[PDB]
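[1] So I pulled this structure from the PDB, and the sequence comes with it:
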Protein chains: 12
Amino acid sequence: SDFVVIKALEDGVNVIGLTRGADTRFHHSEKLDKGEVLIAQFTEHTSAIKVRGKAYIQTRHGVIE
Amino acid sequence: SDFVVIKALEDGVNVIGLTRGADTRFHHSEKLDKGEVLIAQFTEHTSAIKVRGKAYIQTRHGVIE
Amino acid sequence: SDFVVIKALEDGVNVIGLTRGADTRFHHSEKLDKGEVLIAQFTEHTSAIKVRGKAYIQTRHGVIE
Amino acid sequence: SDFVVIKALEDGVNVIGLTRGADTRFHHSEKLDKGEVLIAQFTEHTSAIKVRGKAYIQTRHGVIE
Amino acid sequence: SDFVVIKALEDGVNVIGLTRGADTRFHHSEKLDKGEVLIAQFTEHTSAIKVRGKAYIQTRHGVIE
Amino acid sequence: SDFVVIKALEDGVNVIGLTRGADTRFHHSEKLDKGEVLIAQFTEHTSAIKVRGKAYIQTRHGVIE
Amino acid sequence: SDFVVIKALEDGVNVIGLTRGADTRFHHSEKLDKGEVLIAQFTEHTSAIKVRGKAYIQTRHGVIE
Amino acid sequence: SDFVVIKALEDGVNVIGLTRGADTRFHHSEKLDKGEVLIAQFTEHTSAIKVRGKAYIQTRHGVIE
Amino acid sequence: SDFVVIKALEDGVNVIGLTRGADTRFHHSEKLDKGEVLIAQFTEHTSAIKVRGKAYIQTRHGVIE
Amino acid sequence: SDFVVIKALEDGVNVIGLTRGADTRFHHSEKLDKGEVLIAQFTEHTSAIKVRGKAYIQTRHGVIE
Amino acid sequence: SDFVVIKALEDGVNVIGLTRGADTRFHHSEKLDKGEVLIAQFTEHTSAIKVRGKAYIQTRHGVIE
Amino acid sequence: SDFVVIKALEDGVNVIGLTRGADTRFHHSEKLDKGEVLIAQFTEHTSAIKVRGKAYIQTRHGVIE
Ligand SMILES: N[C@@H](Cc1c[nH]c2ccccc12)C(=O)O
Ligand SMILES: N[C@@H](Cc1c[nH]c2ccccc12)C(=O)O
Ligand SMILES: N[C@@H](Cc1c[nH]c2ccccc12)C(=O)O
Ligand SMILES: N[C@@H](Cc1c[nH]c2ccccc12)C(=O)O
Ligand SMILES: N[C@@H](Cc1c[nH]c2ccccc12)C(=O)O
Ligand SMILES: N[C@@H](Cc1c[nH]c2ccccc12)C(=O)O
Ligand SMILES: N[C@@H](Cc1c[nH]c2ccccc12)C(=O)O
Ligand SMILES: N[C@@H](Cc1c[nH]c2ccccc12)C(=O)O
Ligand SMILES: N[C@@H](Cc1c[nH]c2ccccc12)C(=O)O
Ligand SMILES: N[C@@H](Cc1c[nH]c2ccccc12)C(=O)O
Ligand SMILES: N[C@@H](Cc1c[nH]c2ccccc12)C(=O)O
Ligand SMILES: N[C@@H](Cc1c[nH]c2ccccc12)C(=O)O
């Protein structure tokens, strides 16, 4: 499965997993402080990922700066 | 499954998931504030995605803005 | 499955799904207003997609405008 | 399955599906007026596609102008 | 399955499908007027395609004219 | 399955299918007149193809003339 | 399965595995001192990886520093 | 299955199929006169191909001139 | 399965295999003298590899030193 | 299965097939005259090929002469 | 399965196979004298390979000199 | 399966097959005299290949000499 790389560029960045299925809700919010990184897959339970806060992101489709 | 990357360039960008199957209706609306990102897959339940609001988008076919 | 990216360049763009199978009818018309984007897969129920109105389109085979 | 992209360059363009199987006949004719686009797959029921009228076409093998 | 793109450069171009199997005979003749295009697959029933008339052809191996 | 493209450069070109199996015989001879094109697969019944006469040939391994 | 390469650029770097499944908790924290490298897969039990501390990271999508 | 392209550059070229299996013998010799082409697969019954006489050959590994 | 190449640049480089599964602990420590190389796979039993000591490392994602 | 192309540059080039399995012995010797070519697969019965005599050889790894 | 190429650059080079499984031990040491080459796969029984002594090594990830 | 190409550059080159399995012994030594070529697969019975004597070797990972 595909994954995304998220580096926080400030404190309090939020990486949020949305549930896979007919129901869509937030199931987890991971806090990243400045400089911390989360490398997160799409999975059986996560089919969309939301990022709140200033972050540098890499995916297969390129960079978000 | 393929995914799309949506960066909101204004508050209130709406990412709308349309139901897979014989019938087509929206099943989820996810709102993004300016600078927020949604990385969203096509899934068993979502076979089309509509984006309303000023956004920067990446897919396998490149950039749409 | 393949997907197409359609950005409306004017109000009232229509993205129309044609039924997969022996019969061919329109099963859904998605109206896009100017600047809205639809990212739509080919699916069990949709084997052809018609676009009416001024639009910018990306597929695996390139850009249409 | 492969698909083709057809943009009408004049009114009254006709995209015609030919039946898959031992029998070959037209099963559907889709009319495109100037500037309209059809993105159409090969399918269980369609193994050849005929285009009548002035059109710009993209397939995996390139462009017809 | 592979497909071929045939653009007629004169009226009456004939695209001829030859039967798959131990026996070989034509099972279908599709005529194209000048400027018309046929996009045709190899299939369960068609294992060779003959083109008669002045035409521009694309296949996986490139252009034949 | 692989296919070959044969364009006759003179009248009376012969494209001959050889039988797949322990035995090898000619099962079909397709006559091409000048400018005609045959696009022919390897198949359950054809494992070698012989061409007699002046022709332009494309395969996956390049051009023969 | 995909893997990530993490080189600690200071003492006390923490590479944290998050549990695969409906629930998300930290199941392991691997402490890296300066110059140590961890090469870690995504696995049945780990579907997201968090990195705290100054580190140089390689994944399939590029370098993070 | 792989195939080879053989063009005779003189009369009396011989393309010979060797039997697949524990037994190795010639099962077929196809005569090519100057300019004639044989496009021949490896098959259930042919696991080596011998060419006698002046010929131009293409395979996946390049050209023999 | 992927593998990593580790060249020790000093005596006593430690290549440490971490257990695949719900639990994480080291199951093997392999020491390398200066100039020695270990080429090590990810496996049923090893889902993360830790390297301690000055080393030159190659993986699919490039060089880490 | 892979194949090799062997062009003899002298009379009496010997292409020798070695048996697949626990035991290794030659099971077939095919002789080539100057200019003759053998295109030979690896097979159920042949897992190594020895060439004796001056020859030009192509394989997936390039040219050996 | 992947393989590695090891050329000894001095006498007494040691290529050592480590056992696949929960248990890790040396199961074989192959001695290479100057200029000798071992081409060795990863296998059911070998999931890590250790090289002692001055050697030139090629793997899919590049060269160790 | 992968294969290697070995050209002897002197008389008495030895290409030695090592047994696949828990045990490792030499099961075959193929002597090559100067200029002879052996093209040898990895197989059910051979999981490592040793070369003694001056030789030119090609594998998927490049050339050894
Ligand atoms: N529960 C939704 C989540 C989702 C994925 N992609 C989306 C795009 C738009 C809206 C919601 C989604 C699903 O699995 O389909
Ligand atoms: N329910 C439709 C949604 C859809 C996907 N692609 C489309 C293209 C056009 C219109 C609707 C659609 C389907 O699954 O097929
Ligand atoms: N119902 C048709 C729709 C279609 C797909 N491709 C086409 C091309 C031409 C005409 C119709 C079509 C089918 O599934 O086959
Ligand atoms: N019914 C035919 C349609 C067709 C496909 N490709 C063709 C080429 C030539 C003529 C007819 C065809 C088939 O499925 O085989
Ligand atoms: N009936 C033949 C048609 C054919 C395909 N390729 C050919 C090449 C030569 C002659 C005939 C053919 C077959 O299926 O095999
Ligand atoms: N009947 C033969 C035809 C053939 C294919 N490739 C060949 C090469 C040489 C001679 C004959 C052949 C076969 O199926 O194997
Ligand atoms: N338990 C979650 C962990 C996870 C993976 N990717 C994520 C993205 C965001 C939040 C949590 C996650 C899962 O397996 O799905
Ligand atoms: N009957 C042999 C033919 C063959 C293929 N490749 C070869 C190489 C050398 C000698 C004989 C062969 C086989 O199937 O294995
Ligand atoms: N036992 C863990 C080991 C592991 C792999 N990748 C990791 C990343 C972070 C922490 C631990 C790990 C697992 O198999 O999942
Ligand atoms: N009978 C041996 C032949 C062989 C293949 N590759 C080799 C390399 C070295 C020595 C012998 C071989 C086998 O099938 O395994
Ligand atoms: N027995 C171990 C050997 C091993 C492979 N890769 C490793 C990395 C580090 C330590 C040991 C290993 C295993 O199969 O998993
Ligand atoms: N019998 C061993 C042979 C072997 C393969 N690769 C090796 C590397 C090192 C030592 C021995 C080997 C095996 O099949 O695994």
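    On my side now, so go ahead. Numbers count the residues shown, from 1 in each chain, chains lettered A, B, ... in the order given. Ligands and ions are numbered 1, 2, ... in the order given.
[2] Spatially central, which residue of chain A would that be?
    residue A:15 (4.1 Å; C-alpha atoms, centre = their mean).
[3] so what's that one closest to, chain neighbours aside?
    residue A:30 (4.7 Å; C-beta to C-beta, 6 or more residues apart in numbering or on different chains). In this view, the C-beta of every residue, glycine as well, is placed from N, C-alpha and C.
[4] Next: residue A:10.
    Residue A:10 sits nearest to residue A:54 (C-beta to C-beta, 6+ apart), 4.6 Å away.
[5] what do you get for residue A:4?
    Closest to residue A:4 by C-beta to C-beta, 6+ apart is residue A:59, at 4.9 Å.
[6] how close does that neighbour get to residue C:19?
    Per C-beta to C-beta, to the nearest Å, residue A:59 is found 33 Å from residue C:19.
[7] In chain A, what residue spans correspond to strands?
    A:3-8, A:13-19, A:26-32, A:37-41, A:46-52, A:55-59, A:62-64 (DSSP state E).
[8] I figured residue A:9 hits residue A:34, correct?
    Yes. At 6.7 Å, residue A:9 counts as touching residue A:34 under the criterion of C-beta atoms under 8 Å.
[9] Please identify which of residue A:59 and residue C:19 sits among more neighbours.
    residue A:59 (20 against 16; other C-beta atoms under 10 Å in any protein chain shown).
[10] wait, what's in contact with that one?
    A:2, A:4-5, B:3, B:5, B:39, B:58, G:61 (C-beta atoms under 8 Å, 6 or more residues apart in numbering or on different chains).
[11] Out of those, the closest to ligand 3 would be?
    Compare each of the contacts of residue A:59 with ligand 3 using C-beta to the nearest ligand atom and the shortest gap goes to residue B:3, at 25.7 Å.
[12] Quick check: the gap between the closest residue to ligand 7 within chain A and residue A:27.
    Closest to ligand 7 within chain A is residue A:17: 2.8 Å, counting by C-beta to the nearest ligand atom. Applying C-beta to C-beta, the value for residue A:17 to residue A:27 is 5 Å.
[13] neighbour count winner among these two?
    residue A:17 (24 against 16).
[14] Pretty sure the more buried one sits against residue A:25.
    No. If you go by C-beta under 8 Å, residue A:17 and residue A:25 don't touch, sitting 9.8 Å apart.
[15] Skipping adjacent residues, who's closest to the residue lying farthest from the centre of chain A in space?
    Distance from the C-alpha centroid of chain A peaks at residue A:22, with 20.5 Å (C-alpha atoms, centre = their mean). Leaving aside its sequence neighbours, residue A:22 sits nearest to residue B:45 (C-beta to C-beta, 6+ apart; 5.3 Å).
[16] The one you found against residue B:19, yeah?
    Yes. Using C-beta under 8 Å, residue B:45 is in contact with residue B:19, at 6.7 Å.
[17] tell me, what's touching those two both at once?
    Listed as contacting both residue B:45 and residue B:19 by C-beta under 8 Å, 6+ apart are residue B:27.
[18] Residue A:19: what's it in contact with?
    Residue A:19 touches A:25-27, A:45-47, counting by C-beta under 8 Å, 6+ apart.
[19] Quick check: bridge partners of the residue in chain A that ligand 11 sits nearest to?
    The nearest approach of chain A to ligand 11 comes at residue A:39, 20.9 Å away (C-beta to the nearest ligand atom). Applying DSSP bridges to residue A:39 gives these bridge partners: residue A:5, residue G:49.
[20] burial measure for it, as a count.
    Neighbours around residue A:39, by other C-beta under 10 Å: 26.
[21] Equivalent analysis for residue A:65, please.
    Neighbours around residue A:65, by other C-beta under 10 Å: 9.
[22] Just list whatever residues bridge to the nearest residue to it once chain neighbours are set aside.
    In space, and not counting its chain neighbours, residue A:65 is closest to residue A:56: 5.9 Å by C-beta to C-beta, 6+ apart. Here residue A:56 shows beta-bridge partners residue A:7, assigned using DSSP bridges.
[23] tell me the contacts of residue A:56?
    With C-beta under 8 Å, 6+ apart, residue A:56 has these contacts: A:6-7, A:9, A:63-65, G:64.
[24] if you set the cut-off to 6 Å instead, what comes out?
    Neighbour list for residue A:56: A:7, A:9, A:65 [criterion: C-beta atoms under 6 Å, 6 or more residues apart in numbering or on different chains].
[25] ok, now residue A:40?
    A:4, G:48.
[26] do the same with the one 10 residues further on
    With contact taken as C-beta under 6 Å, 6+ apart, residue A:50 is in contact with A:16, B:38.
[27] Please apply the same query to the one 5 residues further on.
    Neighbouring residues of residue A:55 by C-beta under 6 Å, 6+ apart: A:6, A:8-9, A:13.
[28] Now with 7 Å, please.
    A:6-9, A:13 (C-beta atoms under 7 Å, 6 or more residues apart in numbering or on different chains).
[29] same deal with residue A:63?
    residue A:57.
[30] That one pairs with what?
    With DSSP bridges as the rule, residue A:63 is bridged to residue A:58.
[31] contacting residues for the residue in chain A positioned nearest to ligand 9?
    At 9.2 Å from ligand 9, residue A:39 is the closest residue in chain A, using C-beta to the nearest ligand atom. Neighbour list for residue A:39: A:3, A:5, G:4, G:48-49, G:59 [criterion: C-beta under 7 Å, 6+ apart].
[32] Could you identify the most distant pair in those residues?
    Put simply, by C-beta to C-beta the two of the contacts of residue A:39 set farthest apart are G:48 and G:59, 12.7 Å from each other.
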